[PDB]
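Peer 1: This is the structure I have questions about; it appears just below.
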Number of protein chains: 10
Amino acid sequence: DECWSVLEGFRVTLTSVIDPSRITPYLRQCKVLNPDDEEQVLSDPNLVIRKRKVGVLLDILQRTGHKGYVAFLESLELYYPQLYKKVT
Amino acid sequence: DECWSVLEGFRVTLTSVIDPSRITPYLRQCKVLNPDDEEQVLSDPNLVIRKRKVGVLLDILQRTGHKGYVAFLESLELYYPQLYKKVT
Amino acid sequence: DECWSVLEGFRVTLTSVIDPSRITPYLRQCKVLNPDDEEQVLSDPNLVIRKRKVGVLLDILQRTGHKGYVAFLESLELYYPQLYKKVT
Amino acid sequence: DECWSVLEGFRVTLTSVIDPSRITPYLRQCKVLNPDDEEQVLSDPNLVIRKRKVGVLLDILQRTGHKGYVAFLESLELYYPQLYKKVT
Amino acid sequence: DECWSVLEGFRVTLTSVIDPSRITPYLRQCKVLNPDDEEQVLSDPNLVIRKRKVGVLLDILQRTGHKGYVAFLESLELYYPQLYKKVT
Amino acid sequence: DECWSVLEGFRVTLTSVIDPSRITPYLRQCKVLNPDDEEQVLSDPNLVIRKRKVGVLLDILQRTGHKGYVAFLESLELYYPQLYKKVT
Amino acid sequence: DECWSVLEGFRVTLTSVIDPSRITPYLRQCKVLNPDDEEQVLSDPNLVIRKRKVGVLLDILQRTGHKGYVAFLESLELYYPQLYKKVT
Amino acid sequence: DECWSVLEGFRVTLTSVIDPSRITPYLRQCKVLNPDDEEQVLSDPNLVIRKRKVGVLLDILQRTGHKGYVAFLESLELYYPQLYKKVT
Amino acid sequence: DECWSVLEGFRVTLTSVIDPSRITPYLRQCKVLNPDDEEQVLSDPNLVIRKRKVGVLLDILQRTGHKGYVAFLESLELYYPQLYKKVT
Amino acid sequence: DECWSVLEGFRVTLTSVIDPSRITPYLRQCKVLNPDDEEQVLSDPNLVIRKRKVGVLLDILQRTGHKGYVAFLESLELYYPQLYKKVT
């Protein structure tokens, strides 16, 4: 691992800003997630504030390592450039 | 029994393809299920992926024998013909 | 007590017909229940058929006596008149 | 007694098919069980497979005689007719 | 006897694999055990590893002869076929 | 310790007001909790009133000392200022 | 003592009505119980009917005297006023 | 005495039917038993079948006379009416 | 055996990554598990962190040998290829 | 030995803080414990406070020497760093 245990250093910022409906497909084509986990992220009558969703998604990525990390990171510097800069 | 213990031979295919919101009423009129089990299949804040639902429904039918089997089978060859062919 | 041990004589009818989302507030203002018990009745990922809910609510009222009985009864003859008639 | 010691002749079938959440209230109004035993049947973090539950319930009825037997039997021929036929 | 004193030749395999919560009812209907011994097998705050339980059950059957032996054996070839094959 | 054994002096107020879904991430980045304990706090089909949850969370923090105390305290004076004032 | 040996005069009423999940925290801040005894009251896979729980809690308070008595009593006249009146 | 030496005439029926967790508190308030004997009845890792428990309890009552007899009897005609009728 | 006693060499990785709701059906059709064990894995109000679940499932497979091992292994190289590579 | 007889110098701190459900698997792969002892640690209807559990586990490790000591120690400095520092 060695990467998530540090990126997590700041998580409130992400959980507040980022949104899933854009990140999901690019990841999907970089072959990380499966359909089921996506539908669990999005359609669920229990978690609604939009923040629990990001929490679940970010944890599902943490369960995977370097690969999913790179996918997430590249997606991020492609969509949210100033946030990527803040990360680095 | 003698029937479910073989039809189960292939279950992934069904659990992936089939969906409940169509099968439920035809069965309902062939007098197998009750309202309560139907609402349990559908409205439940715990199981969401759409696959656990099919699992529960298929098990509720397994709990009953030849009768429910014939109902399910006829419904299936009425809606999903190529899948019925695959079964046979 | 002397009242619930007889009203219980017929319970299937109630558990089938009545629904909580209407009875709850009127009781709430007749000062019987507390918020916590209400949320336990309604939001719980274990009991879903709508009938276990009525069971729990009716038992929570049985735990209290004449007071809650009168509250429930008056609510009932205010909302469900023909069912009240059946009770009497 | 003279009745349970024979009905027990076939118990696997029942323990597999029957379910409690329907039988419980009708019995409850035929005045056999008490609340405590019901909650013990249902809410218990030790026994989960759904079969131990039916075992406990059926034994609690065996502890009582002709009365509970008739209650159980009538409930059964009211809900599960083909299973009643199998019994007779 | 003449049967248990040989079947015991291999006991570790059974005590490791088999589990009671399935065998118990079929035996129960073949009229070997009584309720009390069953509850002693299962609910006891002293023996917990799951292996002492099988030990006690298997000994309770040894206390009885040909009859209980046949019951156990038939149950076994009905549930655990490859284990029955290993026995024979 | 020397701190929790006094802050506990008033606990009803907290257990009534505070809610977890906001406190959890800030703590998470101050590196106190782990994912598992978080999921135990939130997703559990036994404890539902919202108060047992706060109880468990507050105890999990008590199990840790000065560090978790400071984290909790700073989070609190960042989100709930008047409640922090009441604490001091 | 001189107090519990009389309050016990009526115990069925309490053991039926009262519930722990509300009384526990107020007592906890009046510094009577410890965490361990609380978790023993609540989470235990042996005692389930809700009544054994109240029994254990009430005995744990009896083990302590005037102090715990006053705590329990004040909690009670704060939550259950008509029951307090019945006590007096 | 003159009473127990006759009521004992039929003991199997009681030892089979009755259960302690209900009788114990009413007796407790009629001031017959002490806490210690109650805990001995219930929590003991040696006697488990539920029948030895009733045996011990019934003997502890026999050790006392007319008083405990009346307590037991009244409790019984309050909970188990048909069994009381069988006694008389 | 000779296989599990080595595959266990690394267990933290699996217990962290793998999840049951996907593995369960494929195994189910390779005829290893029974319904009861599946429901025990999934629906149980005691074990919640998602890790105890994998522990129980993996042990239930260990109780069986070469057969269940091959089933698990093939499922794994069908769903989680990089994890299979890590295994080999 | 020469190691446990000193580490025991402070035991209250450990028995209060540490928890088993995390330590168990890492040890399990360092090949110290067996399944049976693990299930005895966790699932037992007698010991519940969470502290007796740690006591039993720590003693089971003491029964083994240098090997289990090193396993426990490394696990600890991998999960609980500040507690490891306190140890050293």
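Chain lettering (A, B, ...) mirrors the order of the structure tokens, residue numbering begins at 1 for each chain separately, and ligand numbering begins at 1 in order of display.
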Give me the residues within 9 Å of residue C:32 as a list in words, counting only C-alpha atoms and dropping any in the same chain fewer than 4 places off.
Peer 2: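 Returned residues: residues 27, 28, 61, 64, 67, 68 and 71 of chain C.
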Peer 1: Using only C-alpha atoms, which protein or nucleic acid residues come within 12 Å of stretch 36-40 of chain H? Drop anything in the same chain fewer than 3 positions from it, and give the result as a list in words.
Peer 2: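 Close residues of stretch 36-40 of chain H: residues 52, 55, 56 and 59 of chain G; 20, 21, 23, 24, 25, 27, 28, 32, 33, 43, 44, 45, 46, 47, 52, 53, 54, 56, 57, 58, 59, 60 and 61 of chain H.
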Peer 1: Take the selection from the previous step and output its residues with N, CA, C and O atoms, as a compact mmCIF listing (two decimals), in the first residue's frame.
Peer 2:
# COMPACT_ATOMS: atom_id res chain seq x y z
N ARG G 52 -35.02 -10.53 32.48
CA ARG G 52 -33.78 -10.87 33.16
C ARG G 52 -32.83 -9.69 33.18
O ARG G 52 -32.08 -9.50 34.14
N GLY G 55 -33.83 -7.45 35.90
CA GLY G 55 -33.49 -8.11 37.14
C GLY G 55 -32.04 -7.90 37.50
O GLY G 55 -31.71 -7.51 38.63
N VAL G 56 -31.14 -8.13 36.54
CA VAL G 56 -29.72 -7.99 36.80
C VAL G 56 -29.39 -6.55 37.15
O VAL G 56 -28.61 -6.28 38.08
N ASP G 59 -30.58 -5.65 40.63
CA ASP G 59 -29.74 -6.27 41.65
C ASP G 59 -28.40 -5.56 41.76
O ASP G 59 -27.89 -5.36 42.86
N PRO H 20 -39.18 -21.50 35.35
CA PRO H 20 -38.87 -20.63 36.49
C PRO H 20 -38.89 -19.13 36.21
O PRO H 20 -39.33 -18.33 37.05
N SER H 21 -38.43 -18.74 35.02
CA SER H 21 -38.17 -17.33 34.75
C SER H 21 -39.41 -16.46 34.90
O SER H 21 -39.29 -15.23 34.89
N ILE H 23 -42.12 -17.53 37.36
CA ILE H 23 -42.55 -17.68 38.74
C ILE H 23 -41.64 -16.91 39.68
O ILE H 23 -42.08 -16.47 40.75
N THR H 24 -40.38 -16.74 39.32
CA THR H 24 -39.40 -16.29 40.29
C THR H 24 -39.74 -14.92 40.90
O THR H 24 -39.72 -14.78 42.12
N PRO H 25 -40.07 -13.90 40.10
CA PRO H 25 -40.28 -12.56 40.68
C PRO H 25 -41.50 -12.43 41.58
O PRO H 25 -41.43 -11.75 42.62
N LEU H 27 -42.97 -14.69 43.47
CA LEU H 27 -42.50 -15.24 44.73
C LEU H 27 -41.58 -14.25 45.42
O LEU H 27 -41.73 -13.96 46.61
N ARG H 28 -40.62 -13.71 44.67
CA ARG H 28 -39.63 -12.81 45.25
C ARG H 28 -40.30 -11.67 46.00
O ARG H 28 -39.80 -11.24 47.04
N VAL H 32 -40.25 -14.86 49.94
CA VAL H 32 -39.97 -16.24 50.29
C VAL H 32 -38.50 -16.53 50.03
O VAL H 32 -37.76 -16.95 50.93
N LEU H 33 -38.07 -16.32 48.79
CA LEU H 33 -36.71 -16.62 48.38
C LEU H 33 -35.77 -15.45 48.68
O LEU H 33 -36.19 -14.34 49.02
N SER H 43 -28.29 -19.75 37.17
CA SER H 43 -26.94 -19.78 36.61
C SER H 43 -26.12 -20.84 37.33
O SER H 43 -25.62 -20.62 38.44
N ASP H 44 -25.98 -22.00 36.70
CA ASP H 44 -25.16 -23.08 37.24
C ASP H 44 -24.69 -23.98 36.10
O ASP H 44 -25.51 -24.58 35.41
N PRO H 45 -23.37 -24.09 35.87
CA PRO H 45 -22.90 -24.84 34.70
C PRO H 45 -23.04 -26.35 34.78
O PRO H 45 -22.53 -27.05 33.90
N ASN H 46 -23.70 -26.88 35.81
CA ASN H 46 -23.84 -28.33 35.94
C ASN H 46 -25.20 -28.85 35.48
O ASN H 46 -25.26 -29.87 34.79
N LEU H 47 -26.29 -28.18 35.84
CA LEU H 47 -27.64 -28.66 35.59
C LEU H 47 -28.28 -27.81 34.49
O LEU H 47 -28.38 -26.59 34.63
N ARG H 52 -33.87 -30.39 36.16
CA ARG H 52 -33.17 -30.28 37.43
C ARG H 52 -33.40 -28.93 38.08
O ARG H 52 -33.47 -28.82 39.31
N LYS H 53 -33.55 -27.88 37.27
CA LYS H 53 -33.79 -26.55 37.81
C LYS H 53 -35.11 -26.51 38.57
O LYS H 53 -35.17 -26.05 39.72
N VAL H 54 -36.17 -26.99 37.93
CA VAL H 54 -37.47 -27.02 38.59
C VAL H 54 -37.41 -27.90 39.82
O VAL H 54 -38.04 -27.61 40.84
N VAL H 56 -34.83 -28.38 41.85
CA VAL H 56 -34.18 -27.64 42.92
C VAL H 56 -35.10 -26.57 43.47
O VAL H 56 -35.20 -26.37 44.68
N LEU H 57 -35.80 -25.86 42.59
CA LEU H 57 -36.67 -24.78 43.04
C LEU H 57 -37.80 -25.33 43.90
O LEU H 57 -38.09 -24.81 44.99
N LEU H 58 -38.45 -26.38 43.41
CA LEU H 58 -39.55 -26.99 44.13
C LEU H 58 -39.10 -27.53 45.48
O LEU H 58 -39.83 -27.42 46.47
N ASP H 59 -37.88 -28.06 45.56
CA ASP H 59 -37.38 -28.51 46.85
C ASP H 59 -37.08 -27.34 47.78
O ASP H 59 -37.37 -27.41 48.98
N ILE H 60 -36.50 -26.26 47.25
CA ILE H 60 -36.25 -25.09 48.07
C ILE H 60 -37.55 -24.56 48.65
O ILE H 60 -37.58 -24.03 49.76
N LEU H 61 -38.64 -24.69 47.91
CA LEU H 61 -39.92 -24.29 48.47
C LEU H 61 -40.42 -25.29 49.50
O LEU H 61 -40.97 -24.89 50.54
Peer 1: Could you work out how far atom CA of residue E:73 lies from atom CA of residue E:2, giving the answer in Å with one decimal?
Peer 2: 14.9 Å
Peer 1: Ranking G:17, G:48, G:12, G:41 by minimum distance to residue G:76 and counting only C-alpha atoms, which one comes first?
Peer 2: G:17
Peer 1: Using only C-alpha atoms, find the residues of chain A whose closest atom to chain F is at most 10 Å away, then write them as a list in words.
Peer 2: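 Taken together, these residues fit the definition: residues 5, 6, 7, 8, 9, 10, 11, 12, 13, 15, 49, 51, 52, 55 and 59 of chain A.
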Peer 1: DSSP on the backbone, then: every residue of chain E marked alpha helix (DSSP H), written as a PyMOL selection string.
Peer 2: chain E and resi 4-7+12-17+20-29+35-42+51-62+66-79+81-87
Peer 1: Kindly export the residues of the current selection with C-alpha atoms, as a tab-separated table (two decimals), in the first residue's frame.
Peer 2:
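Writing done, so here's out27.tsv:
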chain	number	residue	atom	x	y	z
E	4	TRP	CA	-19.77	-49.17	16.91
E	5	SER	CA	-16.59	-50.85	18.17
E	6	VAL	CA	-15.43	-50.74	14.53
E	7	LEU	CA	-16.96	-47.53	13.19
E	12	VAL	CA	-11.36	-37.61	14.28
E	13	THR	CA	-12.68	-37.18	10.74
E	14	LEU	CA	-16.30	-37.21	11.90
E	15	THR	CA	-15.76	-35.05	14.99
E	16	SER	CA	-14.10	-32.50	12.70
E	17	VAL	CA	-16.56	-32.45	9.80
E	20	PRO	CA	-25.40	-31.45	14.82
E	21	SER	CA	-27.95	-28.82	13.83
E	22	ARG	CA	-28.76	-30.80	10.67
E	23	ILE	CA	-28.58	-34.39	11.90
E	24	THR	CA	-30.71	-33.77	14.96
E	25	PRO	CA	-34.24	-33.58	13.44
E	26	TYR	CA	-34.05	-36.55	11.07
E	27	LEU	CA	-32.91	-38.72	13.97
E	28	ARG	CA	-35.63	-37.12	16.07
E	29	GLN	CA	-38.28	-38.41	13.69
E	35	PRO	CA	-35.87	-33.50	23.69
E	36	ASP	CA	-33.81	-33.34	26.86
E	37	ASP	CA	-30.71	-34.96	25.37
E	38	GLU	CA	-30.97	-32.65	22.36
E	39	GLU	CA	-31.04	-29.53	24.51
E	40	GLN	CA	-28.12	-30.93	26.49
E	41	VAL	CA	-26.13	-31.42	23.28
E	42	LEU	CA	-26.76	-27.88	22.10
E	51	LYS	CA	-16.22	-30.86	19.03
E	52	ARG	CA	-17.23	-31.84	22.55
E	53	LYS	CA	-20.80	-31.52	21.25
E	54	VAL	CA	-20.27	-34.11	18.53
E	55	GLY	CA	-18.51	-36.29	21.08
E	56	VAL	CA	-21.48	-36.23	23.43
E	57	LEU	CA	-23.97	-36.84	20.62
E	58	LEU	CA	-22.00	-39.75	19.17
E	59	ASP	CA	-21.71	-41.31	22.62
E	60	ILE	CA	-25.44	-40.89	23.28
E	61	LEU	CA	-25.98	-42.84	20.08
E	62	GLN	CA	-23.43	-45.49	21.07
E	66	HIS	CA	-28.31	-51.29	15.92
E	67	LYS	CA	-31.34	-48.98	15.78
E	68	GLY	CA	-29.59	-45.68	16.38
E	69	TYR	CA	-26.68	-46.90	14.29
E	70	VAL	CA	-28.92	-47.40	11.26
E	71	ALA	CA	-30.57	-44.03	11.84
E	72	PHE	CA	-27.25	-42.20	12.01
E	73	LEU	CA	-25.92	-44.08	8.99
E	74	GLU	CA	-28.94	-43.36	6.78
E	75	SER	CA	-28.98	-39.70	7.78
E	76	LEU	CA	-25.32	-39.55	6.87
E	77	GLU	CA	-25.64	-41.10	3.41
E	78	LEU	CA	-28.54	-38.71	2.83
E	79	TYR	CA	-26.64	-35.52	3.75
E	81	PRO	CA	-22.46	-38.62	0.48
E	82	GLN	CA	-18.69	-38.44	0.04
E	83	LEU	CA	-18.23	-38.95	3.78
E	84	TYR	CA	-20.50	-41.99	3.61
E	85	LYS	CA	-18.34	-43.30	0.78
E	86	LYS	CA	-15.27	-42.79	2.95
E	87	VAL	CA	-17.01	-44.82	5.66
Peer 1: Can you tell me how far atom CA of residue C:34 sits from atom CA of residue G:80, in Å to one decimal?
Peer 2: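 These atoms are spaced 11.4 Å apart.
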Peer 1: Rounded to one decimal in Å, what is the spacing between atom CA of residue D:1 and atom CA of residue D:63?
Peer 2: 9.9 Å
